[PDB]
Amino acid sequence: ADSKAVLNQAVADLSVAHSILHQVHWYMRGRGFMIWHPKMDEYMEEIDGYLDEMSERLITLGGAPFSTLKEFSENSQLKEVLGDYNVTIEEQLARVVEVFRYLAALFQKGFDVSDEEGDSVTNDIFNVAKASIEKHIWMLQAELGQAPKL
């Protein structure tokens, strides 16, 4: 019931998070570009991995994934702003951290709901994704001179 619901919510949020990463990848300027620009590609690959896995779990459960930009934008809780070259490197990384914290919380909610329903395959998908996102939070926060502060 609600496992399906949280899976679809992730499809929308992951689709918006991918667009944001792409913006950061494109509009980035400042010392650290040469390391953080390609890093955003590893992030988007990882984000797309969850996206594909979660929609197909949803298809497998007899659901209907969001599959249009209108659905993604309307249903996602993340918001987007116009690309701006003037944003600082640190600010871009902080934006990525924010997105990631949101996803880790969305994945937590996914774990709980699927746990309570006994959909253990879905539970695991959410657990694996959360683990990696949290490790990423640690490293970005470290780059930014901060504790992960989960």
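Note that residue numbering follows the sequence shown and begins at 1.
Engineer: Do the CA atoms of 77-85 or those of 30-38 have the higher mean B-factor in the entry?
Structural biologist: Result of the comparison: 77-85.
Engineer: Per the record, averaged over C-alpha atoms, which has the higher B-factor: 54-62 or 110-118?
Structural biologist: Between 54-62 and 110-118, it is 110-118 that shows the higher mean C-alpha B-factor.
Engineer: Considering every modelled residue of the chain and its Cα B-factor in the PDB entry, is residue 45 in the lowest, middle or highest third?
Structural biologist: Lowest third of the chain for residue 45's C-alpha B-factor.
Engineer: Sorting by Cα B-factor within the chain, modelled residues only, which third would residue 104 end up in: lowest, middle or highest?
Structural biologist: For residue 104, the deposited C-alpha B-factor lands in the middle third.
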